[PDB]
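Report on the structure given below.
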Amino acid sequence: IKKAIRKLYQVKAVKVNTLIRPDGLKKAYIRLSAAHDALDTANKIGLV
Amino acid sequence: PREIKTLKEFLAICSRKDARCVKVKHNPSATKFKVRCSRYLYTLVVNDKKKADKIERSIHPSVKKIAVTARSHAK
Amino acid sequence: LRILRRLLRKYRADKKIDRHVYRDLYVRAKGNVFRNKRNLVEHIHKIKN
Amino acid sequence: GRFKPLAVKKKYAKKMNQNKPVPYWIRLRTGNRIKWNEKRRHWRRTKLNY
Amino acid sequence: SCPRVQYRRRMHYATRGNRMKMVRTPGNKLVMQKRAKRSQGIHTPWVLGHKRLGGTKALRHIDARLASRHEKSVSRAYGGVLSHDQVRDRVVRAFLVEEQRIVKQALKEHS
Amino acid sequence: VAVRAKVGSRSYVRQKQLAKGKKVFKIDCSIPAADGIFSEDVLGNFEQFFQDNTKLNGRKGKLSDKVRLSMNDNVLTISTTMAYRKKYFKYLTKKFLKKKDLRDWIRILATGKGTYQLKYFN
RNA sequence: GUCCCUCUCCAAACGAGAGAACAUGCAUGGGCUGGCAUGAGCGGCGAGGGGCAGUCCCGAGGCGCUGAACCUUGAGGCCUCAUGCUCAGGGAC
RNA sequence: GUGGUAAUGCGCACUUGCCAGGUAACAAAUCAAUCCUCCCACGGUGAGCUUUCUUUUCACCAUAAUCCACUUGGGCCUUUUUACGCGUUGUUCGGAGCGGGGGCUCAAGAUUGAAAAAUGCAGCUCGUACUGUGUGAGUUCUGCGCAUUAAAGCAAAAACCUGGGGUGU
RNA sequence: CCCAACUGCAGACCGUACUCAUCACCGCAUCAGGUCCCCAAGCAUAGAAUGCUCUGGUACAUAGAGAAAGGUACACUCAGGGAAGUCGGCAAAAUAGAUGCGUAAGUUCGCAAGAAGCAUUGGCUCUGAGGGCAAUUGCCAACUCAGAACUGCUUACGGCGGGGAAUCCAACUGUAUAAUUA
RNA sequence: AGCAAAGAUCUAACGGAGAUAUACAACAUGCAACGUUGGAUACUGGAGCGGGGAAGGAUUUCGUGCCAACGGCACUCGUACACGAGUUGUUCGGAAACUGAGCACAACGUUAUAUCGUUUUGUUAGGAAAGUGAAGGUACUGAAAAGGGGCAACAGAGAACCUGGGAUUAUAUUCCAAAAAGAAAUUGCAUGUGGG
RNA sequence: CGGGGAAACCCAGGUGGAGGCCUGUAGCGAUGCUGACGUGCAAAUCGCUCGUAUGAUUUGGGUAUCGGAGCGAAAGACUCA
């Protein structure tokens, strides 16, 4: 998840916390480094 | 955390590569110079308010110097 | 006992009492001979007499 | 309990998805039979032992 | 009035390994904190009597591994194994028994 | 407690003696005195109240001078060679305010290490 | 005219009964009559005790005001001895 | 490698080639008893009570890991020699070395600092600045084992540790 | 190539909600049954008995009016007699804490034994005894026991043995027919 | 019939369709019941209708809406129903990597037939089960090591992390980012300086 | 520790804390009411009373032995009502 976040969005992920929902789907909280703005890459995708 | 005894150490440690900050705490009886480096937090207790100010200038302008104060709910 | 043991230690260390009479009292203090601290002292002061 | 194999966790993950009600539109298919979901479930009765 | 406390490490049973301190934190709250199992310490060999050695600390796993070699032993021969009396008996036996042979052997050869 | 006590010795209980010097407490009446709810009368009664109701050893109303009670300016002071708790003068003041029934109005709270200050409620 | 609603208790499991129907009827109060045993508060007898130099306090009990206080018709004691409430009684055959 | 008469101290190496031993490793009762809880003491802040009484009643008063530099209990060394003496609540001990002086070491703490007040808590001021911060009863962590009644004698192994020998030579 | 103190970068996998029970489990159920572990306050008291209480948690168990007979009860009482009741003292009553004195036959000498039985107990104001520490003297903590004077009892929470004389059987503790026999 | 163990509720204001509901005054003609907040009273009484875990359950957790059925009375409430959301770890538990009572894969032997037996008293198999490499010569030469592979502990062994918070509707020794609110511990590799 | 005795040994006061020891919680059981209930709270429960409660004790997880067989401090007990 650290590597594929470097490929797709070209932002380094300093910390990842995986989880598995009761649904079977595996969530992840990716913390992208303070040199990068996660509110920037969000609007690069979505979001609101 | 580690203690600094001589002042010839507090010059060496501040001039190490890793030390990213020097936190300066003012107490009634003394002032602490808390050097934040990678593994340990090195501190220096002066105890004489005259000698303290003079040290606070000799610190190289390279390293950040934070004045340690009470922080409220900025968040 | 803890009261009677400590009064004999305090005398032998202050040399009010011999090591020989200490051992004569120490063993009796265990024999329920001395009814209390004041009873021990009266018996010492009676030995010095 | 807190413990679970992951293989067992998923079987309850699937069974939680299957409890949803029958979509409203799917009643409107031409020649339709299904009305309410007959396989629905409640933990209070008929316990999966997974 | 006796704040009541809860286990934290996921094991809730109390055995000789789960022993717990009570702790009053700077937030003023009681807390279970796990004590550490503690080794019985370096001893002489069982056969010789199991008495503990001198100058040798009771350090446990990863405490004994990260400490300097001197806290675990002594400088004279058989440092962290045998007590001084057991060393000087094996120093004496090594000698007095060896000569009882050297004397009993010469007599046989001399004869 | 070493010597066992007696009832009948509850008259005249010894109080600990402050061996260093004087201790001084203040009761600052300025705020309510300004608005007239106090008067020169009640201030004469307030000092007198402590003069009558403070109990020195076991007994009240007789204070020889190991403790002196002074109304200088608008602020009451209590200077004491004895060891008192400052908590105890907060007690007597409230106990005075409840006779005058001023206590739904005037509150007391510690402004400084040796002093209390009469005030009003929000 | 009877029944319900309302109020009373010689009646009563619920029905039924005896009654009342702006009536000292109901309410509270007073006085009787009775039960208990002398209330709270305060004040100058007490084994002893503590201060200050005889006094001023601590002390279970005790004595005075004190046959005082409280209770007394309510599943329902007495006396009109006083005041209070009622202000076209409602509904059904 | 190197100091001390010694108990043992101080911080070039490698040793799972081999061997030997330790830790892991287990245990009553009595007595003392850690963290901590309760209670009392001291008195600081707010509150409760007030016809009378109550120097009053109630709440709070906190310091995590980590890392630095006196006391109690045991094992021991040297010294002087002991046959009556030392010692526990307690069923003990000594020429196979008691007791005394002086030392070495271990276990559990105490203390002073780093962390650490910049935090927590309470009060208050006109969403901010200030103010405050025990010879008592329990308690199995521990002392504590070649350690319990016993025709009961109280698991094992990884992993680690030190040594013997050797390598360095 | 090894060692030493730092520094640089990295530190993967699965569980993590909630429940653990007078409603979340098993007992066809939100069933007075059953179900392992940890933390455990104040007072009376020998106390984890039992009674009430501050923190925490509850007012959910279908309710209202309400004096019939007959019942059930983790509810009481009774004149005189006191087992005459009854298969049988079944059930109820009774005994009762602590302290002192006292205690039989029998006996494997251990017991029997709390045998049996007698007496004391409150409240208040005092007195004595029981210690620590420091340098005969000075200062202090925490409790227990005994004795006295005065004064009171309506014998008054909870809790808590009735006892004695003998016969039959099994030596004793233990186990034992889950749901009629311990 | 009955819905009778576990003491018990009361009042006011507000909510709600659930009212103060009327063809010549008010009682005599809209009864009973519901939630939340404040107040009162009471119970549990630390062996708890307190706070956390195992087994078992598996979304009951959390927020909004909602009253058809369901919670043997009642709901405006719910563990109902509907619609969204919620479970974050270098160190916590397991596994990677311990052994125990034990299990049975290989091997061997039986059996018409393996779907049978042996398989820890130090340990399989009539049984050639070592793929490692001391010293030495430059990836050969061969000392040394007897007894195959694995599973069985979420209470034994083993284990490097602690508090602070304004970090939540719901998770936390899990989250917090330059003053990390911060302080540490430890594993692997690597460069640099110091020594060998 | 003391007393007695020529001896052998015998008496008395303390300490100590033994036991398939006694009273009594939890725990584990299940005596009597032949109590409640007996279309129940319950296809064996409830109330008070009672047995034992440092031991041949109670208990969790794991593991072993079962159908003419298992296991049994023995009752035809128990082996998922």
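Chains as they are written, first to last, in the UniProt record's numbering: chain D, 98 to 145; chain G, 2 to 76; chain A, 99 to 147; chain F, 2 to 51; chain H, 2 to 112; chain R, 2 to 123.
The beta-carbon is built from N, C-alpha and C at its ideal position, and this holds for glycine as well.
query, result
"Contact list for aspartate 120 (chain D) against chain F, beta-carbon separation under 8 angstroms", "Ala14, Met17, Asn18"
"Between the CA atoms of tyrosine 106 (chain D) and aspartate 137 (chain D) - distance to the nearest angstrom", "11 angstroms"
"Cα-Cα separation between residue 166 (chain A) and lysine 7 (chain R), rounded to whole angstroms", "The requested residue 166 (chain A) is not part of the displayed model; chain A covers only 99 to 147."
"Residue-chain proximity (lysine 11 (chain F), chain D), Cβ-Cβ < 8 angstroms", "yes"
"Per-residue burial, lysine 22 (chain H) [other beta carbons within 10 Å of its own, 16 or more giving buried]", "exposed"
"Where the beta strand (DSSP E) through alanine 135 (chain D) begins and ends", "Careful: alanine 135 (chain D) lies outside any beta strand (DSSP E), inside the alpha helix (DSSP H) at 135-140."
"Endpoints, alpha helix (DSSP H) assigned at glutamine 19 (chain F)", "Where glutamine 19 (chain F) is concerned, there is no enclosing alpha helix (DSSP H), given that its DSSP letter is neither H nor E."
"Short Cβ contact (8 angstroms threshold) for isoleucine 32 (chain R) with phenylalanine 90 (chain R)", "no"
"Identity of the residues DSSP links to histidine 44 (chain H) by a beta bridge", "H:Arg53"
"Outcome for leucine 49 (chain H) when other beta-carbon atoms lying within 10 angstroms are tallied against a minimum of 16", "exposed"
"Where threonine 31 (chain F) falls: helix, strand or coil (DSSP)", "coil"
"Meets three-Cβ-pair contact criterion under 8 angstroms: the region 73-85 of chain R and the region 97-105 of chain H", "no"
"Presumed contact (8 angstroms Cβ cut-off) between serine 40 (chain H) and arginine 66 (chain H), rounded CB distance", "With 8 angstroms as the limit, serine 40 (chain H) and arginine 66 (chain H) do not qualify as a contact, their Cβ atoms being about 12 angstroms apart."
"Complete runs of the beta strand (DSSP E) confined to the region 32-96 of chain R [at least 3 residues]", "68-71, 76-81"
"Proximal residues to residue 64 (chain A) (C-beta, below 7 angstroms), its chain only, five neighbours per side dropped", "Any property of residue 64 (chain A) remains undetermined from this structure, which presents chain A solely from 99 to 147."
"Terminal residues of the alpha helix (DSSP H) in which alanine 68 (chain G) lies", "Where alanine 68 (chain G) is concerned, there is no enclosing alpha helix (DSSP H), although the beta strand (DSSP E) it sits in stretches over 65-68."
"Between the CA atoms of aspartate 105 (chain R) and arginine 15 (chain R) - distance to the nearest angstrom", "36 angstroms"
"Bounding residues of the beta strand (DSSP E) (the contiguous stretch that carries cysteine 22 (chain G))", "22-27"
"Helix, strand or coil at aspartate 54 (chain G) according to DSSP, with G and I counted as helix", "helix"
"Rounded Cβ spacing between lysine 35 (chain H) and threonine 57 (chain H) (contact assumed at less than 8 angstroms)", "Contact flag wrong, Cβ pair sits at about 26 angstroms."
"Contacting residues, own chain, Cβ-Cβ under 8 angstroms from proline 22 (chain F) (five flanking each side not counted)", "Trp37, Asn38, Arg41"
"DSSP beta-bridge partners of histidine 43 (chain F)", "F:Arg46"
"Rounded separation between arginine 69 (chain R) and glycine 37 (chain R) - CA only", "26 angstroms"
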